[PDB]
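Peer 1: sequence, then structure. It's an experimental one.
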Amino acid sequence: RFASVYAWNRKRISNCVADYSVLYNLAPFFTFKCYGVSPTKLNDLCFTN
Amino acid sequence: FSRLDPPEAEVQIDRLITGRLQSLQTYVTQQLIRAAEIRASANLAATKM
Amino acid sequence: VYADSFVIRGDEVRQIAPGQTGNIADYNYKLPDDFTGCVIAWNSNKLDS
């Protein structure tokens, strides 16, 4: 289940190791627009929160 | 370069290269005018000596 | 003019573009980042299936 538009959810993910290839492999995910970082570099950074 | 893909990354660094060149162009030009101002004093100093 | 013809599955048909990652690009057929040409892909489920 996903929430409604007028009351959108917010989940905080922390203290783990981030792998993004699972995203690309499973399902097309047709739109993957990113506004501050190129997707191919997402594996070579570290995130605050 | 770490966060951006190769093509856009240049777009951004173009702003910095032209931005920083404009900083050096201003610096050199200010020096040229100051150098001529010192020379007119040096020639006056040579004249008095 | 050089023409390269082949057949892929329709799921990763958009991985032909240079700079992408995946099995088909990294292991079968990869294009240079400075590619200067065109790509035409169509569906042929009426023949190969």
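Peer 2: Yep, it's here. Residues are numbered from 1 along each chain as shown, chains lettered A, B, ... in the order given.

Peer 1: quick one, phi psi at the residue nearest to the spatial centre of chain A?
Peer 2: Note on chain A: the residue nearest the mean C-alpha position is residue A:20, at 7.7 Å, using CA atoms, centre = their mean. Main-chain torsions, residue A:20, degrees, to the nearest 10: phi -110, psi 0.

Peer 1: these two touch, right, it and residue A:43?
Peer 2: Yes. Counting by CB atoms under 8 Å, residue A:20 does reach residue A:43; the two are 6.3 Å apart. Any C-beta I mention is one placed from the backbone N, CA and C, and that applies to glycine too.

Peer 1: give me the nearest residue to residue A:29, chain neighbours excluded.
Peer 2: Nearest residue to residue A:29, sequence neighbours excluded (CB to CB, 6 or more residues apart in numbering or on different chains): residue A:23, at 6.2 Å.

Peer 1: look up how far residue A:19 lies from the spatially closest residue to the residue nearest to the centre of chain A that is not a sequence neighbour.
Peer 2: Nearest non-adjacent residue to residue A:20, counting by CB to CB, 6+ apart: residue A:42, 5.1 Å away. Separation of residue A:42 from residue A:19 (CB to CB, to the nearest Å) stands at 10 Å.

Peer 1: those two: who's more crowded?
Peer 2: Neighbour tally, residue A:42 and residue A:19, criterion other CB atoms under 10 Å in any protein chain shown: the higher count belongs to residue A:42, 15 against 9.

Peer 1: centre-most residue in chain B?
Peer 2: residue B:24 (2.0 Å).

Peer 1: so it is in which element?
Peer 2: According to DSSP states H and E, residue B:24 maps onto helix B:6-48.

Peer 1: can you pull the phi and psi angles for the residue nearest to residue A:29?
Peer 2: Here residue A:23 shows phi and psi, under degrees, to the nearest 10, equal to phi -60, psi -50.

Peer 1: what parts of chain A come near chain B?
Peer 2: Neighbours of chain B within chain A, by CB under 8 Å from any CB of the partner chain: A:36-38, A:40-41, A:44-45.

Peer 1: understood, closing this out.
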